[PDB]
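[1] my sequence and its experimental structure, below.
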Amino acid sequence: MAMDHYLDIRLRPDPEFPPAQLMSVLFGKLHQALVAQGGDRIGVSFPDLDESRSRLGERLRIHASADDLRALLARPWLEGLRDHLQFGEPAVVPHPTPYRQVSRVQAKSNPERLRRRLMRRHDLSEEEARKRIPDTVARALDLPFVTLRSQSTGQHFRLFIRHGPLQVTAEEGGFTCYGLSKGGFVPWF
Amino acid sequence: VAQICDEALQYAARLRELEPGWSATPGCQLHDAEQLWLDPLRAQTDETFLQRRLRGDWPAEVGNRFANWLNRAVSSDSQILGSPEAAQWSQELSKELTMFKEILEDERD
Amino acid sequence: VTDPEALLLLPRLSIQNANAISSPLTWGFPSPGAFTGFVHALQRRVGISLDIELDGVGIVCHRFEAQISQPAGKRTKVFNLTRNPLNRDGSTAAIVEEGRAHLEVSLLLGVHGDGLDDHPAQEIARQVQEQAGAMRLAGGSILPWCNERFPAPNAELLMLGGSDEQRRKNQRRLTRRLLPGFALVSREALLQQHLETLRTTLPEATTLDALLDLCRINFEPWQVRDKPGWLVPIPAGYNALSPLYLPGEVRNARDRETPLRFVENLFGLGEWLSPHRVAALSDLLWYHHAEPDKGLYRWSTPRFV
Amino acid sequence: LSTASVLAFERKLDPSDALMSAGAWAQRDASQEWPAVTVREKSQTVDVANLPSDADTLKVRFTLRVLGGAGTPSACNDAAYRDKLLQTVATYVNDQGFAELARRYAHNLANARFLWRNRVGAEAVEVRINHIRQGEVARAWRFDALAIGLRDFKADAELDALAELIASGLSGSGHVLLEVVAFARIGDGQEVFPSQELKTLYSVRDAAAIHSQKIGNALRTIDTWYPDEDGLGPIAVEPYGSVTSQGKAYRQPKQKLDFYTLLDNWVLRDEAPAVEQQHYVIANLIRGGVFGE
Amino acid sequence: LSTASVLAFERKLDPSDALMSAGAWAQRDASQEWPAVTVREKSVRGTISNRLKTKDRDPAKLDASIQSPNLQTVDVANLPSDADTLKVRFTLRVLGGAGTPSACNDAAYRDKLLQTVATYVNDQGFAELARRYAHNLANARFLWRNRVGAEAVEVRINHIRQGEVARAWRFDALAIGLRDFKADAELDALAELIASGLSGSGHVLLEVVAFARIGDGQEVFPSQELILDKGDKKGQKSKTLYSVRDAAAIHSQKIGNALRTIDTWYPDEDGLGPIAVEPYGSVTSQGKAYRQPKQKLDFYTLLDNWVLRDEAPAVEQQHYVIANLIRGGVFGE
Amino acid sequence: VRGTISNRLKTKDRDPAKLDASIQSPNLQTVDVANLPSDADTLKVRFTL
RNA sequence: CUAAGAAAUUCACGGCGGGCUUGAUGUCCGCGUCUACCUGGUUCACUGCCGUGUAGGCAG
C-alpha cells in the first residue's frame, strides 16, 4: 500500500447504529475530522476485511497521512464517541497494506447515479444513460467500501470507489477533501 | 387425533398445488399467517420479501391456531379437566400439536 | 423379503386405461399383484444391466378416476365399455366386459444390488424412469408429459445413509413428494383378529371381510359401527386347484418351458394409509413370496406390523 | 411453594414521548419558546427531519415519574408466593437502599443515552434536570453530559443528591417528577434522528418525537454484571439479558446468572445470589413485565 | 317454598362511560373547554423476555430469536405535553327499588323475597351501603391505574335536579383513604343523598369529575378492547383502546366495579382491604374466589337460607346480600 | 366486556380448585351498547300509529 | 415377464299451458381484558454526482 501513515483505531459499541453503522460512522467521523482542515493525500486503508465477502471492514486501522487524517479524533463536531472505544493519535502503518476503497474514489460503483449522470449531463443522450446503468456498471471494487453515513447523496449510499482489487502492494497517493483512496492502494495499521 | 392432523396435512398438500401463487386474499382471516401456512409460492410474485417473511417467520401461529381449533373442535366442560380421560385428551392434544409443529418445522426449513 | 438398501421414487405416473376389476369379487383400484409383476418386469429388462435388484413396491395413488356409471334409479353401478371391431361377416362382436380406470400412482422401489456404488444415483434414476415410460402397469399405458409434469426427475435415496436424525429427516423430506397420497398395505392379521372376534357363529373368512367394507346398522334396545380405517377387500394371491404339470403337458400355454397349474385367486384385506401414519418407508413395500410345492402363491407387505 | 402461574409487574420509571424542538445556542435560558422540529418529505419516498438552517442546538424534553413499590406485583395466583416475594424484596431494601440502582439510573439520566444517534457527533451536550412538585422548580441540576461519560460511572456529589431523590422515589418516601431537558449542538440545518414507525418517522401533534419505551430502554442500561465480559460496557436490564444488535443472548440459562433462575433460587429455595445479582433482579422488577408460567 | 328457576335483577347505581380530557392544574375552574385525550397509535419493538420453557430448546435458537424480533403496533394515550392534569367525568343514576326482580317464575318466592328485603329496609336503611358507595365516589377508585402514583387527586360531585347543579361536593381523594372508611360531614351528606336514592324516595343524578395530577405529558390508562382479526398485525393485532367520538374512555362496568368495592366482610380479613361484591365473591387479579361455596358465606347460600327458611345471618352478611341485589344479576337456576 | 363466574353453580361440582380454575379463564365477550352523548340528557323516541 | 396381449357406441329430436302462500308475536337480566417492549445497517461499496469508460473535485 502507498499509505505512508497508519491511523490508530479500536472497536467499541455504538448506540446510534449497529456495528455496520459503527464502521460507517467511524470512517465518516475520521474523514470529516481529519479531512476538514487540510491535506490532499489521505487515501484508503481498510484491507482487514475479506475481498470476496464484500464488506466494509471493522479493523481499527485508519489509512491516511499524519496531518491529512490525524484530526479525526480531534474533530470540532466529532465528540460523543471519543471515549467509548480505544482511541489514540496518528502513527505509521506497514508498507504492505490493502487499499480499502472506502472513500471518494472514482469507479463503476454506481451505474445509476454516476453512470446515468454521465449519460444525461456528459454530452450524451438517453442512450448513454441506458448503456451506463447496467448491472456491471453499479458494483463496488475490491476495496473495503465504508458506508457513507452522512449527507453525501440523496439516498444513503456508500463511499464507493472502484479501484485496483484486494491486494497488499498497492500504489496510493493524492486523495481529495473527502478522503478517497479508491484507485490509490494505501496501507493501514 | 392423528387422523385430524393427517387429514389437515393432506388438505394442505392437496390445496398447495392448484393455485400458482398463494396471494394474500381479501377475507383471509385465518390467512393472516395462513398466507404462508397455506401454499407459499417463492415465484417472481412471492419474491424474496415473501421468501423472507415466510423464510424467517415460521408457521407456529398456524400451528398454534390449529391447536386452538383442535381444542375448540370438541367442547370444554368438567370432563376435559375433571378426569384422567380429559388428561389423556390434553396429552394427546399436546402430542399432536408437537408432531404437527415438528412436521411444519421441516416445511419452510 | 430382503431389507432394502435404497428407495427409488418414480415420482408421478398417469396411467391410461388400467384394469379396474382386480378379482372376481372386487372392482376398484387394480390388484397389487400387477405392481409386483411390473417391478419384476423392470428387474428383467433393465434391472440386470445396472447390477441392481428391484424387489419392493410402494403404491401411492394420488388421483383416481374410473369409467363407471350408475344407471338412473338403480343403486349399483355399471361399467363403460368400448366398441370392438366387427365380426368376420361384419355382423357384431360378442361383448365381454372390462373395467377401465385412470390412475395417478407413485412407485417406491426397493433396491438391493451391489451396483449402488458403481453408478451415480441420477443415472440409475434416469434410466429406470426412461425405461418405465415405455411400459404398462395394470394393462394400462403409462402416460407421458401433460399440462403439469413439472416433477419429471426421478430420485434415488439410500435408507441406510447417515445418522438416525439424518435417516428420519430425509424420510420426512421424501413424504413431501407423496402429498395427496394414500399408501396401500396388507392387513391380514386384522382379518384373523376380527374373525377370532366374531367367530361365534361362522368362522368362514369370506363372511368376515364380506362384513367389513360396510356400515353395520345396529338397532334400538341406531348404533351403526365405527370404522377403524379404510378397510377394503383386496385379492391377495393364488391358491392351486390342480396338480402341477410339466412344461409340455398343458395345451395352449404361454410357452413350453414353464410349468403351468390352474389356480384360484385368494381374497384378502388391506387398508389405505396416509404417508404420515407410517413409521418408516421400508415397511411399506410389497413383495411376492410363493411356496411352490404347495399351491400358495401370494403377495403382501412383510414387516409392516 | 411453587411459583405463581400468573405474575405481572407494572413498571416504575415511566417516561413520556420526548419532543424535539430546534433553536440556536445561547438562547439556552429562554428555551421555552423554541420552534419545533417537523417531519417532512424528500426524494424514492422517505421521511426525514432536520433542524432549520439558522438553528444548531436540538432540545429534547420529557418528564419522568419515579413511582416506588417495586417488589409488589399487580397480578398473582398464590398468596404465599406473594408473601415470600414481598419478604424477599423487603430483605433487599433493609439490607441496602435503592441508592446503587438510583445512581445508575441517575447516570443514565446524567449522560444522554436517550439521545441515541443524536449524541454521536455532537460537540456539546448539556442536560438540565428539574424536580417538579407543583408548577415550580424545587431543585434544579444542570450538567455536562460529555464529561459524565457514557461508559465509566464516576463519582459526583450532584449525582449523589439526584440519586437520593430517585432513591426516595423508588422506596415510596416521596413524589419524584423529573423534567429532563437535553441541549445538544449538532450544527445548523443538520439532521436529527427521531424514532421510526412501521419508513415514516414517529410524530405527535405536528412535531417529531422519540417513543417512550426507547427512552425507558436508555434509562435501564445498568447491567455491568454479566457472565460474559466486564470490559465492553453496560447493557439494558432484560430477562435472558440480550442485545438485539449484537444478536447474542448474554446471560444464557445454560449459565446460572439468568433472571428467572436467580429469582426462583432467591424467592423459593432462599439461595440468595451475589449482591450485584440482587441489583440485577431488583432492576428487572423496577422494569416490570409479565413473568411466571 | 323453592327458589325461582328464573330470577333476574336490574342494575341499580348504573354509571356512564367515563371520558378523559386533559388540562393544567389551577385551571380546574375552567375545566370544560379542555381538549380530549386522543387514543393515538405507535409502533413498538421488543425482544422475547417472557419465561421461556427452561431447556426446551438449544441456546443457539435463543440467539436466533434475538436475530428475528417481533414488531407490532399499539394504541397509547398520553396527556398533551402542556397539560399535567387528567380529567375523568361520568354520570351516575342511583335508581332504587332494589329488591324487586325483573323476571320471576314463582309467585310466593317473589312475595317472600320482597318481605325479606322490606324487613331489611325498615330494620335498617341503606346508610351503610350508601356510606361505602360515597367512599368509593369520594376516593377515586374509578381512576384505576390513573390514581396509582398520582400527586394530587380531587373529586368533585354535583347533584343535578334539572339542567342545574343543586348541591356540590368537593373532596381530597388521597386524604380520604383507600382501605378504611372513616367519618366526615360532607360524605355523610352524600351518603344520605345516595341512600334516599336507593330507598326510592327521591331522584339522584350525580356528575362525578376527578382531577388527578400526573405530570406534563405522561401516560393515561383507558380501558382496553379485544381485537377481531379483519385487519392484520400491521394494523393492531396487539392492543386496541376504548374510545368514543375521538376521546379516550373507560367502560361503564369498570367504573361500576370500582363503585361496589364494599366488601370488607369476607372471612379472610379486612386488613387486606375491601373487595368487589360478587356471588362467590371473587377477584380477577388475585385469580381466586374469596367467600367459597363450601364455606357458608356466598350469596346463594345466604339468600336461600334467609328467604326460604328465615335464617337471618349476621347484619354484615345481610349488607352483602343486599349489595348483591343492588349489583343486579341473572340469579336462579 | 370481561365478566366472571356469578351464575348459580350446580352443587355437584362446586370445589375450591374447580371454581378457582374457572376464574383463571375469564369469559371475554363483545356487546352492542347504546348511550346518549356526553352533552345530551334526553332520549327522543318517535313512531307513527 | 402385470385376470397378460387387442378394441370407433353412433345418427336425429319443440317440454309446454295456468296459478294470491297467508294471519299473529316482548329477546331479556349481569360483567375489570390487563401486564412489558430501541424498527439503530449506509431502506444501496450509491440516487444528484469531474470520464457513462475499477482513474477523480464527488450535499461522503
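    Alright, I've got the coordinates. Numbering: from 1, shown residues only, chains lettered A, B, ... in the order given.
[2] where do the strands of the stretch 101-250 of chain C begin and end?
    Secondary structure of the stretch 101-250 of chain C by DSSP state E, counting those that start in this stretch: the strands cover C:141-142, C:155-157, C:183-186, C:217-218, C:223-224, C:231-240.
[3] residue of chain A nearest chain D, please.
    Relative to chain D, the nearest point of chain A is residue A:16 (3.2 Å; CB to the nearest CB). For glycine as for every other residue, the C-beta is placed from the backbone atoms N, C-alpha and C.
[4] got a list of what residue D:272 touches?
    D:265, D:266, D:278 (CB atoms under 8 Å, 6 or more residues apart in numbering or on different chains).
[5] do residue C:145 as well
    Residue C:145 touches residue C:152, counting by CB under 8 Å, 6+ apart.
[6] residue nearest the centroid of the chain?
    All of this refers to chain A. residue A:102 (2.0 Å; CA atoms, centre = their mean).
[7] look at chain D instead
    residue D:219 (1.5 Å).
[8] on that earlier part again, name the nearest residue to the residue of chain A closest to chain D, sequence neighbours excluded.
    Take residue A:16 and drop its neighbours on the chain: the residue closest to it by CB to CB, 6 or more residues apart in numbering or on different chains is residue D:117, 3.2 Å away.
[9] that neighbour touches residue A:24, doesn't it?
    No. Residue D:117 lies out of contact with residue A:24 (CB atoms under 8 Å); the separation is 11.7 Å.
[10] out of the two, which sits in the busier spot?
    More neighbours surround residue A:24 than the other of residue D:117 and residue A:24, with 24 against 18 (other CB atoms under 10 Å in any protein chain shown).
[11] got the contact list for that one?
    Residue A:24 neighbours (CB under 8 Å, 6+ apart): A:17, A:56, A:146, A:147, A:148, A:149, A:158.
[12] let's go with 7 Å and repeat that
    By CB atoms under 7 Å, 6 or more residues apart in numbering or on different chains, the contact list for residue A:24 reads A:56, A:146, A:147, A:148, A:149.
[13] neighbours of residue D:207, how many?
    Neighbour tally, residue D:207, other CB under 10 Å: 18.
[14] ugh, typo on my part, it should be residue D:79
    Other residues near residue D:79 number 14, with proximity taken as other CB under 10 Å.
[15] can you report phi and psi for it?
    Main-chain dihedrals, residue D:79, degrees, to the nearest 10: phi -70, psi -30.
[16] can you tell me how far it is from residue E:288?
    Applying CB to CB, to the nearest Å, the value for residue D:79 to residue E:288 is 8 Å.
[17] kindly report the same for residue B:88.
    Taken as CB to CB, the span from residue B:88 to residue E:288 is 28 Å.
[18] ditto for residue C:161
    With the distance defined as CB to CB, residue C:161 ends up 58 Å from residue E:288.
[19] show me what counts as buried in the longest helix anywhere in chain A.
    Longest helix in chain A by number of residues (criterion: DSSP state H): helix A:19-33. When burial is assessed from 16 or more other CB atoms under 10 Å in any protein chain shown, helix A:19-33 yields the following buried residues: A:20-33.
[20] what about that helix and RNA strand G, any contact?
    Yes. Looking at helix A:19-33 against RNA strand G by CB under 7 Å from any atom of the strand, the contacts come from A:19, A:20, A:21, A:24, A:25, A:27, A:28, A:31, A:32.
[21] coming back round to it: quick one: which of the contacts of residue A:24 has the most company?
    residue A:146 (29 neighbours).
[22] the closest residue to that one other than its chain neighbours: what's it in contact with?
    Distance criterion CB to CB, 6+ apart; nearest residue to residue A:146, sequence neighbours excluded, is residue A:102 at 3.0 Å. For residue A:102, the contact set (CB under 7 Å, 6+ apart) comprises A:27, A:44, A:46, A:56, A:143, A:144, A:145, A:146, A:159.
[23] what's the closest of those residues to residue B:67?
    Nearest to residue B:67 out of the contacts of residue A:102 is residue A:56 (CB to CB; 45.2 Å).
[24] and the gap between the closest one and residue A:28?
    Between residue A:56 and residue A:28 the distance, using CB to CB, works out to 11 Å.
[25] OK, contacts around residue 38?
    No chain in the question, so chain A it is. Applying CB under 7 Å, 6+ apart, the residues contacting residue A:38 are residue A:67.
[26] sorry, I should have been clearer: chain C.
    Per CB under 7 Å, 6+ apart, neighbours of residue C:38: residue C:137.
[27] give me the buried stretch members for stretch A:1-20, please.
    A:1-9, A:12-17, A:20.
[28] is the longest helix seen in chain B up against chain F anywhere?
    Secondary structure of chain B per DSSP H: the longest helix is helix B:84-108. No. Applying CB under 7 Å from any CB of the partner chain, one finds helix B:84-108 separated from chain F by no less than 12.5 Å.
[29] which secondary structure elements does that helix contact?
    If contacts are counted by 3 or more CB pairs under 7 Å, 6 or more residues apart in numbering or on different chains; DSSP states H and E, helix B:84-108 sits against helix B:2-15, helix B:60-71, helix B:78-81.
[30] angle of the first one against helix B:84-108?
    Spelled out, it's helix B:2-15. Counting by axes from the mean of the first three to the mean of the last three CA atoms, to 10 degrees, helix B:2-15 lies at 30 degrees to helix B:84-108.
[31] residues in contact with helix B:2-15?
    Helix B:2-15 is contacted by residues B:38-39, B:66, B:70, B:96, B:99-100, B:103, C:179-180, C:274, C:276-277 when judged by CB under 7 Å, 6+ apart.
[32] nearest to chain F among those residues?
    residue B:70 (17.4 Å).
[33] residues in contact with the closest one?
    Residues near residue B:70 by CB under 7 Å, 6+ apart: B:4, B:93, B:96.
[34] SS state for residue D:40?
    Following DSSP: H, G, I helix; E, B strand; the rest coil, residue D:40 is assigned to strand.
[35] got the contact list for residue D:58?
    Contact partners of residue D:58, counting by CB under 7 Å, 6+ apart, are D:20, D:22, D:51, D:118, D:184, D:186, D:192.
[36] quickly list what it is bridged to.
    Going by DSSP bridges, residue D:58 is paired in beta bridges with residue D:22, residue D:184.
[37] burial count for residue D:10?
    17.
[38] surely it and residue D:74 touch.
    Yes. At 4.8 Å, residue D:10 counts as touching residue D:74 under the criterion of CB atoms under 7 Å.
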